[PDB]
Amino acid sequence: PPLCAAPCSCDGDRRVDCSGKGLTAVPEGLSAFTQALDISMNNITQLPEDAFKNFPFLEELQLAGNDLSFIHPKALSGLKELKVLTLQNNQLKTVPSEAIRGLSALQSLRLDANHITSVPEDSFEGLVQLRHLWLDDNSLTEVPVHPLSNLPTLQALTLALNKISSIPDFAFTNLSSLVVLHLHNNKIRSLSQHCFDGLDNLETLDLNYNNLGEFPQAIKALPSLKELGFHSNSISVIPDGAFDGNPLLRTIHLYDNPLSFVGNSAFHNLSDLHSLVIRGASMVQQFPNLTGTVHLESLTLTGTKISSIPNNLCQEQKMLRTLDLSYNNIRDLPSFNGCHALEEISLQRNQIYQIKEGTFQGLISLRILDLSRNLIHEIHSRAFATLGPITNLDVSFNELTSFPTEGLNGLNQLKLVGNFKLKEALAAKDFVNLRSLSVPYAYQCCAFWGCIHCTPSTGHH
């Protein structure tokens, strides 16, 4: 270990670690050649004038966790090479604008967790290099608009975990480089038409955990958006046109909203969207228009009044791996030939009354197929003939009187319980891979017993 002024440790290579040592002042006896100084988790409540006078070449300064309540206007004098400054978990109460004025090399400034309630209008002037700003977990009641206008180089900004309740037009207009913006866990109930104008480079917008009651038209001004979160809000409608401004959207988090309606074209023209999962939109009547949105890996539409699946779903979707259209009012089924990547299909809780031979023809990756809780009275004898690695088949609580075996010998799991008029018993030979079976009556387990968990138990359903 390199010889180093107590109680610090040095690593050679100009880094000095003096964290958790109970210091109440900047340590002394350290080389002026020091490049990084870690003095976090000490007891420095005040930084006096010229506190860093013998550290002119510091590039990284860590002050997190000191209960720092006062920084002298000239404490950070001379730190012209400082790139990273960490002040989280202190007692700052207001942004120390005067003290950080001359840090013209600063790229990263952490001011989170400081009980900050106000940020002076002149804050961040001189920070001509700032890339990353953290102001989260404070008590800001509004976006600090003029201070942020000083930061055209800014790439990452979090205003999360504060008390912001509305955002006015042009609040971020100068942040031309901004790539990621975190606004989550505020009380935002209002975003005006133009609050995001200027964020032409923005790729990630996090609005989760707020009180939005209407979908924000303002995201129309974000042509670079790739990831969007507005989960855990109070939005009830995603209207037609909602994402016309964001052709690059890959990810949309919309869950935990009282979402009850979506416009038929709300999700069209999203060539990069990889997943669309909407549950409980009880007022939707028509299957969404997905033209130009044909690279979904997962499609889930649940709890709607949809009664029909368009024929082109499987001629258009290119990489659809999972499809969940359970708990709707679907009666007829189109062909799923074309959906060659399709592995899991859920169609529980609809009104399907028959399965024709062609219904499942092309499905050579199909592993899981759930058709329980429908009204199926007839399944064509060759309905599963042309299947691949079908592993799991649930046709419980339907209206079967017979059940086809062809193509099903690879099943691990088969559910047949709740078909009260299903009389035939299965032969063990047709199902040598079976490990779990449910049937409507006890005598239908006798193959698999002496008279692999075969059970006639309704499961109380």
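Start at 1 and count along the sequence shown; that's the residue number.
Taking the mean C-alpha B-factor of each stretch as recorded, 331 to 339 and 274 to 282 are not equal, and the higher mean is that of 331 to 339. Taking the mean C-alpha B-factor of each stretch as recorded, 71 to 79 and 264 to 272 are not equal, and the higher mean is that of 71 to 79. Of the candidates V417, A36, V432, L63, the deposited coordinates give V432 the top C-alpha B factor. Highest C-alpha temperature factor among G358, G241, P258, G292 per the entry: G358. In the deposited entry, the Cα temperature factor of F397 sits in the bottom third of values across the chain's modelled residues. Among all modelled residues in this chain, the alpha-carbon of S365 has a temperature factor (C-alpha) in the highest third. Sort the modelled residues of the chain by CA B factor and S177 lands in the middle third. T86: CA B factor in the lowest third of modelled residues in this chain (values from the PDB entry).
Among the modelled residues of its chain, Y353 has a C-alpha B-factor that falls in the middle third according to the deposited record.
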